[PDB]
Each structure stands twice: as structure tokens, then as C-alpha cells.
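Reckoned from all heavy atoms, side chains included, excluding hydrogens, waters and symmetry mates. The first residue in the sequence is number 1, and the count goes up from there.
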Amino acid sequence: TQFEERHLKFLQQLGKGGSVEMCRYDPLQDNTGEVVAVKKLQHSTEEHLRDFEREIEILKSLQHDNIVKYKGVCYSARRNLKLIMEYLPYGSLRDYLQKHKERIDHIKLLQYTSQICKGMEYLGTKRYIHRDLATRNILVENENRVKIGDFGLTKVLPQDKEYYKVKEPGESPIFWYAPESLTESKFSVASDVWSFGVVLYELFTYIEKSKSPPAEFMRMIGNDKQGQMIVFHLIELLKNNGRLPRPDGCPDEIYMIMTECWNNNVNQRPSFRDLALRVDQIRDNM
Ligand SMILES: Nc1nc(Nc2ccccc2)nn1-c1cc(Nc2ccccc2)ncn1
């Protein structure tokens with residue numbers, strides 16, 4: 001079925017990077033229409049249109065309980081596509097956790113960790129590399145279900161390679177990046193596992209600003225480091241086993257999982273299939 005542009009009523013802006021807005025698809029014009037999440041380009045360049053269309057193809061091919069649901073495409077404006085998605089009412093996990101802090105216990109954090117793992121394992125079966133796994137890109141459906149959203153940086157692996165090489169990087173979440181992604185701009189399932197270790201760290205710090213991966217890494221390299229010098233010092237730190245600390249009150253077994261995801265050897269990092277099995281075992285034990 002189709003979405004006519006004239007019937008999409010703007011409600012609220014949700015986020016920018018592209019922009020995501022909350023809209024009501026209301027063709028009956030009685031405000032009884034479905035509330036949807038709408039992604040559109042803000043600077044619709046020919047390269048950005050090409051990437052956005054690929055992102056739409058990626059989302060549409062994915063059907064999993066922990067992946068935001070594709071609803072459609074609104075053409076009504078080909079050079080000005082609007083991606084229609086289900087609206088997830090509790091927002092990003094980063095905001096949700098920061099708002100409802102230790103009132104979410106370890107058992108609840110591990111239910112979210114398991115869902116993120118499962119979503120990521122399914123994404124890997126389609127040979128897609130997220131590249132931007134972070135709590136800000138994880139959305140909350142309700143208190144019992146989280147879903148990976150934002151496939152803006154997602155890449156499809158070439159047919160004959162287990163990595164994707166980014167020739168000209170744009171804005172990059174460097175404090176979530178694997179060493180090989182920082183040094184050689186190489187992205188793989190293994191670099192998404194390293195970023196997953198960082199998500200686990202974010203969860204267990206309860207999004208405390210002073211404990212954030214940029215705040216901790218800046219302190220370790222020195223707050224005096226600026227621009228490209230941050231990337232130089234971060235690479236040297238990671239190569240020398242400088243890691244994010246164990247969050248206050250974090251169980252030993254969860255910190256062990258983080259440290260295994262943060263292995264310098266790409267092949268030694270765990271698989272998302274084993275992480276989901278391990279996390280479900282911890283939850284069972286609790
Ligand atoms: N499907 C869907 N529902 C929502 N709901 C929402 C978001 C923020 C506040 C309240 C509700 N977003 N969303 C969405 C958002 C999005 N990226 C994004 C937006 C805000 C922040 C961080 C990242 N990418 C794809 N879908």
C-alpha cells in the first residue's frame with residue numbers, strides 16, 4: 001500500500017544526523033490516522049540519495065523482532081524519498097536508561113543486551129555491517145522490547161570479502177570503533193562485536209555522562225588532545241591494551257564479555273550467536 005505526502009501531518013522532530021520526525025498518516029483528515037516515524041534527507045545530494053535508497057533496501061529486507069519495522073516509502077515529492085517506519089514510543093535507549101536509571105535492574109539490562117545480540121546476529125546472516133552500534137541507535141518499543149534502528153551507516157559486505165573498507169570516512173563514532181576500523185577503516189561483523197562491547201559498557205554505566213566512552217577515553221589519552229591527534233593517541237592506547245574500566249557495580253561475568261569483545265585480534269572476538277547464548281545463561285542464573 002502507498003503513503004501520500006499530502007496526508008502526512010508533522011507532529012514533532014525526533015532526531016537529526018538526515019532527520020527523523022513523528023508524523024500522523026491521516027488521509028481521512030479527522031486526526032484518527034496512524035502515528036509513524038518518517039526519515040528524510042535534509043541535504044539531498046546525488047550521493048546521499050543513492051546511500052538513502054540503499055538504507056531503505058536494507059531496512060525492507062530485514063524482518064526480526066529486534067529490528068525497527070519498515071512500513072513504506074513516500075514518493076509523492078524520486079529525488080525526495082521519505083522512509084516510513086513504525087513509531088517506537090519510548091525513544092532511544094540512551095535517553096530511556098538515563099531517565100529510568102538503576103530502577104532498571106541488571107536482569108532488565110541483560111534482557112535488552114540479549115535482544116540487541118539477537119538483532120545483530122540476524123543482521124550478520126544478511127551480510128550487513130551496522131558500523132554505528134550505540135545505545136543512541138537502539139529504540140525502546142516498551143519496557144520488555146528494544147530494537148536496532150538507524151541503518152544510516154550500514155554497509156553490505158562484498159560477495160568475496162569478510163570486511164568493507166571505507167575510502168572516504170564522514171562523521172565517525174571513533175570511541176565505539178575497533179582498532180582496525182581506526183587504522184585501516186575496515187568494518188566487519190568482528191568490528192560490530194567490538195562496538196557491542198561498548199554498548200554493554202554504556203548499559204552498565206547507566207549512561208552516566210562522566211563515565212561515557214568519549215569522557216573515559218579523553219581522560220586516558222589526555223583532555224589536551226585535539227582533532228586528528230585524538231585518533232592518533234586512541235589507536236596507540238588501544239594497541240597497548242588501554243580499555244574502558246569496569247563500570248561501578250557491574251557483575252564480573254558481564255565485564256569479562258566486554259573485555260572479550262574488545263580483543264585486538266579480530267578472529268579472537270566472540271560471535272553474536274555465542275554472546276546471545278552466554279547472556280541468556282547469565283539471565284537464567286540470576
Ligand atoms: N522508528 C522510530 N521511532 C522513534 N521514536 C522516538 C525517537 C525519539 C524520541 C521519541 C520517540 N524513533 N524512530 C527512529 C529513529 C531513528 N533514529 C534516531 C532518532 C532519535 C534519536 C536517536 C536516533 N531511526 C529510525 N527510527
Side-chain angles (χ1 to χ4, degrees), residues 12-22 35-37 39 55 59 62 64-70 85-124 128 130-154 173 175-177 192-216 244 247-251 254-255 257-258 261 272 275-276 278-280 282-283 286:
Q12 184 175 288
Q13 192 173 70
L14 303 170
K16 285 196 277 191
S19 84
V20 186
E21 305 167 333
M22 183 194 184
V35 175
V36 289
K39 182 164 175 164
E55 176 179 346
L59 197 60
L62 300 163
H64 190 278
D65 292 334
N66 309 113
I67 310 291
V68 63
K69 289 161 158 77
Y70 161 88
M85 295 169 281
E86 58 171 355
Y87 174 69
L88 302 177
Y90 292 76
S92 79
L93 180 55
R94 198 194 170 271
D95 305 323
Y96 183 83
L97 192 52
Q98 209 169 34
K99 189 192 163 73
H100 309 301
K101 271 184 190 283
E102 294 122 274
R103 306 176 247 122
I104 285 163
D105 65 356
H106 288 2
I107 290 164
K108 188 55 68 177
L109 288 180
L110 291 176
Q111 179 178 20
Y112 300 156
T113 301
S114 181
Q115 287 169 7
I116 295 155
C117 278
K118 287 169 189 181
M120 285 307 297
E121 194 262 355
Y122 174 88
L123 190 72
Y128 301 150
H130 198 286
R131 290 182 57 243
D132 201 359
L133 193 53
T135 63
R136 67 172 181 180
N137 294 319
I138 301 154
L139 308 151
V140 185
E141 184 180 18
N142 57 62
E143 5 173 88
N144 286 300
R145 197 147 90 166
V146 299
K147 314 193 171 187
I148 302 151
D150 215 310
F151 295 85
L153 294 179
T154 305
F175 296 119
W176 277 256
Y177 274 15
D192 274 353
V193 166
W194 175 287
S195 305
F196 165 80
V198 187
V199 170
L200 201 49
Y201 173 90
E202 286 186 87
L203 294 177
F204 277 86
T205 59
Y206 284 93
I207 319 300
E208 200 182 330
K209 59 148 202 78
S210 55
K211 304 301 190 299
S212 80
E216 288 297 309
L244 286 169
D248 184 16
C250 176
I254 288 82
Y255 189 58
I257 289 175
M258 292 180 209
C261 296
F272 282 111
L275 296 162
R278 272 205 266 174
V279 175
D280 283 353
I282 319 302
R283 296 166 70 204
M286 289 185 177

Inset, instruction - May I ask you to decide if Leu153's main-chain N or O and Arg131's side chain share a donor-acceptor pair within less than 3.5 Å? - result: yes
Legend entry - Ion pair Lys39/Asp150, N-O distance below 4.0 Å: yes
Inset, instruction - Work out which heavy atom in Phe204 is nearest to a heavy atom in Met258; give both atom names and the distance. - result: CB-CE, 4.2 Å
Inset, instruction - Using a 4.5 Å cut-off on heavy atoms from C-beta on, say whether the side chain of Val193 contacts that of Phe272. - result: yes
Legend entry - Salt bridge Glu86-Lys147, side-chain N to carboxylate O under 4.0 Å: yes
Legend entry - Whether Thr113 side chain and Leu109 backbone form a donor-acceptor pair below 3.5 Å: yes
Inset, instruction - Examine distances only and state if a side-chain atom of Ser114 and a backbone atom of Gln111 form a donor-acceptor pair shorter than 3.5 Å. - result: no
Inset, instruction - Answer whether the closest heavy-atom distance between the side chains of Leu139 and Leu93 falls below 4.5 Å. - result: no
Legend entry - Short side-chain to backbone donor-acceptor contact, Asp192 and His130, under 3.5 Å: yes
Legend entry - Side chain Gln115, main chain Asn144, donor-acceptor under 3.5 Å: yes
Legend entry - Polar side-chain atom of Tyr206 near backbone of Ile104 as donor-acceptor pair, under 3.5 Å: yes
Legend entry - Backbone N/O of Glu143 and side chain of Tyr112: donor-acceptor pair under 3.5 Å: yes
Inset, instruction - Report yes or no: does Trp194 contribute a side-chain atom to a donor-acceptor pair with the main-chain N or O of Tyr177 at less than 3.5 Å? - result: yes
Legend entry - Whether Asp132 side chain and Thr154 backbone form a donor-acceptor pair below 3.5 Å: no
Legend entry - Exam field: side chain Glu202 to backbone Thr135, donor-acceptor pair closer than 3.5 Å: yes
Inset, instruction - For the residue pair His64 and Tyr122, categorise the inter-ring angle as parallel (less than 30°), tilted (30 to 60°) or perpendicular (more than 60°). - result: tilted
